[PDB]
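Participant: First the structure, then my questions, so here it is.
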Amino acid sequence: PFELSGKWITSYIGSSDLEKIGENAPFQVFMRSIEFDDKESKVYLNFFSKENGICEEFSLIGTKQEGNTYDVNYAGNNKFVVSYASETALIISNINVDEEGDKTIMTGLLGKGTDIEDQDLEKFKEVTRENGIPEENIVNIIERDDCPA
Ligand SMILES: C=C[C@H](C)CCCC(C)(C)O
């Protein structure tokens, strides 16, 4: 039986638009926790990001929508789905439309800490590839997350 809510940390992110996931970009996200509240049809996300190279923390609340998708406002509007869940990981697929109207598809592999299971990593690369995102548009987030626990 699977518990999707709890501590989740980002290990890798893929993006169709490299401008959204570099240094200090809005989608270089260091996750800390995700809490799904099916009773109230909401999801709670807590994570760090860097602006000015300094860690900043965010706590967002998204709304459950049709088909296990969630909508959340962050650097524009986002529609994401937990595409895969194992006992050690989540893979999230997100579509962002930014303030300028530009659409970016992204994938993220999340885990319970820093020691990545290769089976989860292979499924992340396959979901990334299926979304049309090339291997070279994959960033290693564990290597870059020096934000507080
Ligand atoms: C590329 C996927 C990351 C891990 C999730 C982005 C945060 C969001 C989409 C929930 O606002």
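Chains: A, B, ... in order of the structure tokens. Residues: from 1 per chain. Ligands: from 1, in order shown.
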Find the nearest atom pair between each residue of chain A and ligand 1 for residues within 9 Å, count only C-alpha atoms and all ligand atoms, give distances in Å to one decimal, sort rows by chain and ascending number, and present the table as JSON lines.

Facilitator:
{"residue": "A:9", "atom": "CA", "partner": "ligand 1", "partner_atom_place_in_ligand_line": "4 (C)", "distance": 8.7}
{"residue": "A:10", "atom": "CA", "partner": "ligand 1", "partner_atom_place_in_ligand_line": "4 (C)", "distance": 6.3}
{"residue": "A:11", "atom": "CA", "partner": "ligand 1", "partner_atom_place_in_ligand_line": "4 (C)", "distance": 8.8}
{"residue": "A:12", "atom": "CA", "partner": "ligand 1", "partner_atom_place_in_ligand_line": "4 (C)", "distance": 8.0}
{"residue": "A:13", "atom": "CA", "partner": "ligand 1", "partner_atom_place_in_ligand_line": "1 (C)", "distance": 5.3}
{"residue": "A:14", "atom": "CA", "partner": "ligand 1", "partner_atom_place_in_ligand_line": "1 (C)", "distance": 6.5}
{"residue": "A:15", "atom": "CA", "partner": "ligand 1", "partner_atom_place_in_ligand_line": "1 (C)", "distance": 7.2}
{"residue": "A:21", "atom": "CA", "partner": "ligand 1", "partner_atom_place_in_ligand_line": "1 (C)", "distance": 8.7}
{"residue": "A:27", "atom": "CA", "partner": "ligand 1", "partner_atom_place_in_ligand_line": "6 (C)", "distance": 6.3}
{"residue": "A:28", "atom": "CA", "partner": "ligand 1", "partner_atom_place_in_ligand_line": "3 (C)", "distance": 7.9}
{"residue": "A:29", "atom": "CA", "partner": "ligand 1", "partner_atom_place_in_ligand_line": "4 (C)", "distance": 6.1}
{"residue": "A:30", "atom": "CA", "partner": "ligand 1", "partner_atom_place_in_ligand_line": "4 (C)", "distance": 7.6}
{"residue": "A:31", "atom": "CA", "partner": "ligand 1", "partner_atom_place_in_ligand_line": "4 (C)", "distance": 6.8}
{"residue": "A:45", "atom": "CA", "partner": "ligand 1", "partner_atom_place_in_ligand_line": "10 (C)", "distance": 6.9}
{"residue": "A:47", "atom": "CA", "partner": "ligand 1", "partner_atom_place_in_ligand_line": "7 (C)", "distance": 8.5}
{"residue": "A:60", "atom": "CA", "partner": "ligand 1", "partner_atom_place_in_ligand_line": "11 (O)", "distance": 8.0}
{"residue": "A:62", "atom": "CA", "partner": "ligand 1", "partner_atom_place_in_ligand_line": "10 (C)", "distance": 8.0}
{"residue": "A:70", "atom": "CA", "partner": "ligand 1", "partner_atom_place_in_ligand_line": "10 (C)", "distance": 8.3}
{"residue": "A:71", "atom": "CA", "partner": "ligand 1", "partner_atom_place_in_ligand_line": "11 (O)", "distance": 8.2}
{"residue": "A:72", "atom": "CA", "partner": "ligand 1", "partner_atom_place_in_ligand_line": "11 (O)", "distance": 6.0}
{"residue": "A:73", "atom": "CA", "partner": "ligand 1", "partner_atom_place_in_ligand_line": "11 (O)", "distance": 7.0}
{"residue": "A:74", "atom": "CA", "partner": "ligand 1", "partner_atom_place_in_ligand_line": "11 (O)", "distance": 5.7}
{"residue": "A:75", "atom": "CA", "partner": "ligand 1", "partner_atom_place_in_ligand_line": "11 (O)", "distance": 8.2}
{"residue": "A:77", "atom": "CA", "partner": "ligand 1", "partner_atom_place_in_ligand_line": "11 (O)", "distance": 8.2}
{"residue": "A:78", "atom": "CA", "partner": "ligand 1", "partner_atom_place_in_ligand_line": "9 (C)", "distance": 5.8}
{"residue": "A:79", "atom": "CA", "partner": "ligand 1", "partner_atom_place_in_ligand_line": "9 (C)", "distance": 7.0}
{"residue": "A:80", "atom": "CA", "partner": "ligand 1", "partner_atom_place_in_ligand_line": "9 (C)", "distance": 5.9}
{"residue": "A:81", "atom": "CA", "partner": "ligand 1", "partner_atom_place_in_ligand_line": "10 (C)", "distance": 8.7}
{"residue": "A:91", "atom": "CA", "partner": "ligand 1", "partner_atom_place_in_ligand_line": "4 (C)", "distance": 7.9}
{"residue": "A:92", "atom": "CA", "partner": "ligand 1", "partner_atom_place_in_ligand_line": "2 (C)", "distance": 5.6}
{"residue": "A:93", "atom": "CA", "partner": "ligand 1", "partner_atom_place_in_ligand_line": "2 (C)", "distance": 6.1}
{"residue": "A:94", "atom": "CA", "partner": "ligand 1", "partner_atom_place_in_ligand_line": "9 (C)", "distance": 5.2}
{"residue": "A:95", "atom": "CA", "partner": "ligand 1", "partner_atom_place_in_ligand_line": "9 (C)", "distance": 7.4}
{"residue": "A:96", "atom": "CA", "partner": "ligand 1", "partner_atom_place_in_ligand_line": "9 (C)", "distance": 7.3}
{"residue": "A:105", "atom": "CA", "partner": "ligand 1", "partner_atom_place_in_ligand_line": "1 (C)", "distance": 8.0}
{"residue": "A:106", "atom": "CA", "partner": "ligand 1", "partner_atom_place_in_ligand_line": "1 (C)", "distance": 4.6}
{"residue": "A:107", "atom": "CA", "partner": "ligand 1", "partner_atom_place_in_ligand_line": "1 (C)", "distance": 4.2}
{"residue": "A:108", "atom": "CA", "partner": "ligand 1", "partner_atom_place_in_ligand_line": "2 (C)", "distance": 3.9}
{"residue": "A:109", "atom": "CA", "partner": "ligand 1", "partner_atom_place_in_ligand_line": "4 (C)", "distance": 6.6}
{"residue": "A:110", "atom": "CA", "partner": "ligand 1", "partner_atom_place_in_ligand_line": "4 (C)", "distance": 7.0}

Participant: Applying 10 Å and only C-alpha atoms, which residues near residue A:54 remain after dropping the ones on its own chain fewer than 2 positions away? List them as JSON, numbers by chain.

Facilitator: {"A": [24, 48, 49, 50, 51, 52, 56, 146, 147]}

Participant: Output as a short mmCIF file (atom, residue, chain, number, x, y, z; two decimals) with C-alpha atoms, in the first residue's frame all residues of chain A that backbone DSSP marks as strand (DSSP E).

Facilitator:
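Saved file states33.cif follows:
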data_model
loop_
_atom_site.label_atom_id
_atom_site.label_comp_id
_atom_site.auth_asym_id
_atom_site.auth_seq_id
_atom_site.Cartn_x
_atom_site.Cartn_y
_atom_site.Cartn_z
CA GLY A 6 5.58 13.03 3.09
CA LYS A 7 9.17 14.16 2.67
CA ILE A 9 13.51 15.80 -2.23
CA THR A 10 14.38 16.50 -5.89
CA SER A 11 17.10 14.41 -7.50
CA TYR A 12 16.74 15.28 -11.24
CA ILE A 13 14.67 17.59 -13.48
CA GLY A 14 14.16 17.57 -17.29
CA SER A 15 12.78 20.54 -19.27
CA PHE A 30 14.61 21.67 -4.40
CA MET A 31 11.57 19.88 -3.03
CA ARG A 32 11.16 19.23 0.74
CA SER A 33 7.61 17.88 1.11
CA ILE A 34 4.33 17.15 -0.64
CA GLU A 35 1.07 16.51 1.26
CA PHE A 36 -2.02 15.30 -0.69
CA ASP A 37 -5.33 16.21 1.01
CA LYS A 42 -5.84 20.02 -2.35
CA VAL A 43 -2.09 19.36 -2.44
CA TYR A 44 0.54 21.11 -0.37
CA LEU A 45 4.05 21.68 -1.71
CA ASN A 46 7.06 22.97 0.27
CA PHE A 47 10.41 23.55 -1.47
CA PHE A 48 13.43 25.84 -1.87
CA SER A 49 14.57 27.70 -4.95
CA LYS A 50 17.43 30.07 -5.61
CA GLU A 51 17.10 33.75 -6.66
CA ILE A 54 20.45 32.51 -2.16
CA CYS A 55 17.96 29.89 -0.95
CA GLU A 56 14.32 31.06 -0.67
CA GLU A 57 11.48 28.87 0.67
CA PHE A 58 8.00 28.45 -0.76
CA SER A 59 4.83 26.80 0.55
CA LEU A 60 2.13 26.43 -2.11
CA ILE A 61 -1.38 25.00 -2.24
CA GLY A 62 -2.66 23.45 -5.44
CA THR A 63 -6.17 22.25 -6.33
CA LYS A 64 -7.13 18.72 -7.33
CA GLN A 65 -8.58 18.70 -10.81
CA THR A 69 -4.05 16.35 -12.15
CA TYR A 70 -3.39 19.38 -9.95
CA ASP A 71 -3.37 23.11 -10.74
CA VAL A 72 -1.02 25.46 -8.90
CA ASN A 73 0.10 29.07 -9.44
CA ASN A 77 0.14 28.54 -14.20
CA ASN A 78 0.96 24.84 -13.71
CA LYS A 79 -0.89 21.58 -14.35
CA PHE A 80 0.96 18.55 -13.01
CA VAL A 81 0.32 14.87 -12.41
CA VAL A 82 2.20 12.26 -10.35
CA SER A 83 2.97 10.00 -13.33
CA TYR A 84 4.73 7.31 -11.28
CA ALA A 85 4.92 6.35 -7.65
CA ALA A 89 10.13 7.76 -5.58
CA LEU A 90 7.67 9.98 -7.36
CA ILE A 91 7.97 11.19 -10.97
CA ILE A 92 5.98 14.32 -11.61
CA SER A 93 5.12 15.65 -15.08
CA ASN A 94 4.26 19.37 -15.20
CA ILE A 95 3.13 21.76 -17.89
CA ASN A 96 3.87 25.44 -17.12
CA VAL A 97 2.53 28.44 -19.08
CA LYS A 103 4.65 26.69 -22.60
CA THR A 104 7.23 24.38 -21.06
CA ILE A 105 6.88 20.63 -20.26
CA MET A 106 9.06 19.35 -17.38
CA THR A 107 9.59 16.12 -15.40
CA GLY A 108 11.04 15.67 -11.94
CA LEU A 109 12.25 12.61 -10.04
CA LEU A 110 11.81 12.89 -6.29
CA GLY A 111 13.05 10.63 -3.52
CA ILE A 138 18.33 16.75 -17.76
CA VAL A 139 19.92 18.51 -14.77
CA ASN A 140 21.24 16.69 -11.68
#

Participant: When you draw a straight line from atom CA of residue A:8 to atom CA of residue A:112, how long is it in Å?

Facilitator: 5.2 Å

Participant: I'd like the interatomic distance between atom CA of residue A:87 and atom CA of residue A:26, to a tenth of an Å.

Facilitator: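 Going from atom CA of residue A:87 over to atom CA of residue A:26 covers 28.0 Å.
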
Participant: Using only C-alpha atoms, which residue out of A:40, A:86, A:137, A:5 lies closest to residue A:120?

Facilitator: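 The answer is A:86, which sits nearest to residue A:120.
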
Participant: Using only C-alpha atoms, pick whichever of A:18, A:98, A:126, A:114 has the shortest atom-to-atom distance to residue A:144.

Facilitator: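 So, comparing all the options, the nearest one is A:114.
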